[PDB]
Structure formats: structure tokens, C-alpha cells
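Coming up is one lone chain in C-alpha cells, specifically the form deposited without its partner chain.
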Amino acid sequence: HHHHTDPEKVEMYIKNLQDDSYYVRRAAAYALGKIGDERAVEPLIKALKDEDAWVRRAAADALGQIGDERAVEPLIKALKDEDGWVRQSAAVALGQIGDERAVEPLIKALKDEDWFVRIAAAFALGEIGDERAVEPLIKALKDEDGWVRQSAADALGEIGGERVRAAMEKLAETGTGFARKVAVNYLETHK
């Protein structure tokens, strides 16, 4: 890395975002994410509306890797995409960008019908590190999906702070099952 961006290469891939082939558009989004240059942001925001879900997924991933805050509002809209894997990608991307504007929408995604979206929402909330997400993550310790539970537990640990500690104490006192184990372990290992 630490590459100086080759303008001809970026221009080439940006143009390929308009190719007739979904594969070429997908590959261009992927390439642009790896290059990491902000010239790609507005073109990728458009690709985030591509007719092909595979292209939309790749565009969200690339926007996350570039990390430009102009992507936040469009990715927030992508959290409502009809395609579950696009929502998952948008959640992951928003986590990577780290912008607090994504917190409320991600909390909503914690209730998504798809388990893989919920995992990504939990993870992203952990990465952003905003205490706002404590109660929603606490509730996710009761999720039907065991991986979602685990991701929420990890996210609480990433956020840390007094509010998490206070919530863990309540669970330590009166919680049961997985949530209790999470809380007791947390308190034993923290401060």
C-alpha cells in the first residue's frame, strides 16, 4: 500500500462502473475499494443504486474501505435495500467509516429479519463505539441466533465504559443464560 493513486487506472475503473456487464461493474467497484481514492466515492454512490444486487454489495464494500463520510447518508439508505447482503455490506461499511450518524439506523438493523445483517449491525455498533448502542446490544444477547448473540457480546466489550459496566451489573444480578455469562465474564475481566 501507501500507493500513489494512478489517475488513469482510477478513471478506467470508474468508466467500467457503466459497463453493460454486471461482472465488469462488480470488479470495478471491488478494484476502486482497494485503490482507496476518494475520486471513486461519487461514482460508487451511484453504483450503490445499480440494478444488480451483486454490484450494489460491492459498491457498499468499496465505500466502506475508502472511508469517505460522503458515503454515510447513501449507505444509511442502503440499510433498507431489498437485498439482505446489500444491507449487510452497508452495515459493515458504516462500521468502517465510524460516523456516529450511522448509530440510530444500525440500531434498527439490529432487528433485521436476516441474521447476517444483525451480526453486521452489532459489529458496526461495536466499531463506532457509541454508548448509545448499549441497551439495544443488551437485548441482542437474547437473539435467537447464537452468532448474533456472540457479536453483540463482543460489541459491548468494544464500547466499554461506565454505561456498559452498569448494564453488565444488572445482568450479573438478575440475568440468565448467555447474557449472564457475558456479564459475569465482563465484570471479572474489566476494571
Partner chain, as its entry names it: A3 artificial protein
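Think of the rigid core as the biggest set of C-alphas that the two forms share within 1.5 Å after superposition. Only residues modelled in both forms are compared. Positions refer to the first chain, counted from 1.
Not pictured, yet referred to below: the form deposited with its partner chain bound.
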{"property": "Contact segment among 52-60, 37-45, 129-137, 158-166, judged by heavy atoms lying within 4.5 Å of its partner chain in the bound PDB entry", "result": "52-60"}
{"property": "Contact test in the bound PDB entry: residue 71 vs its partner chain, heavy atoms, 4.5 Å", "result": "no"}
{"property": "Residue contact check: residue 120 to its partner chain in the bound PDB entry, 4.5 Å heavy atom", "result": "yes"}
{"property": "Residue 92, heavy atom within 4.5 angstroms of its partner chain in the bound PDB entry", "result": "yes"}
{"property": "4.5 angstroms heavy atom contact with its partner chain in the bound PDB entry for residue 26", "result": "yes"}
{"property": "Stretch 88-117: residues contacting its partner chain in the bound PDB entry, 4.5 Å heavy atom cut-off", "result": "88, 89, 92, 115, 116"}
{"property": "Consecutive stretches, 3 or more residues long, displaced between this form and the one not shown (C-alpha shift of at least 2 Å once the core is aligned)", "result": "1-5"}
